[PDB]
């Protein structure tokens, strides 16, 4: 594999789309690689990690409990609800909803949680409170990943998303238990985690949340590193490419391969 930046460029050439990428030390925030890092990209399902950061902040403040059971109706369900559709009779706890949203990609679970934090506007306000002045959520599942060209709704930048994830996971804005919980949800991803592990060399840590959208939109927010340590935050977004899902996945994996082969920078 070529160098990370060289691979990123090749991916844009091959996909005819824009790639946005940040690689950042988790402990310190040292930026190692930045490409279109201040450009906007649709967050897609990656917003679910920030959503559950807001939930945990409410738990820390005593305004929420992960134990609290929410009962909902079939009319509340949106497209793709593999866990929430199973609990119309008995409900789900707030913590179960975060687990379902982040680890199983459950969309109704995300919407239920979004309501508890005051909707897209409430989540955006939370982002402003932690000093993210760029990321914005405007819509609910499933409209939020429409990825219209030039539409600023439901977008982040690689730099903003990396910084925000670092804040939630490490900055002590969340309690120790809450930081640990958010991390464990990412470790437990079942949508892409097991697949990614299957292709990572021995010794590489992965935790992640992935997303997909229209017009080629695809993305991942990840913790990655050798010696089984979450050494770096890696955020990669793609937009405005007509390529197959397989090829978009392969190109992102190829950027990962370049990072792995050329880690010591």
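Positions refer to the first chain, counted from 1.
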property	result
Which of 83-91 and 155-163 has higher mean CA B factor, as the PDB entry lists it	83-91
Mean temperature factor over C-alpha atoms, higher-scoring stretch between 177-185 and 141-149	141-149
Highest-ranked of 129, 108, 135, 74 once sorted by CA temperature factor in the record	129
Criterion, highest CA B-factor; candidates, 38, 208, 231, 64	38
Third assignment of residue 31 from its chain's C-alpha B-factors	middle
Where the record places residue 19 (Cα B-factor, split into thirds across the chain)	lowest
Among modelled residues of the same chain, the CA temperature factor third for residue 99	lowest
Ranked against its chain, the third holding the CA B-factor of residue 195	highest
Residue 112 CA temperature factor, ranked by third within the chain	middle
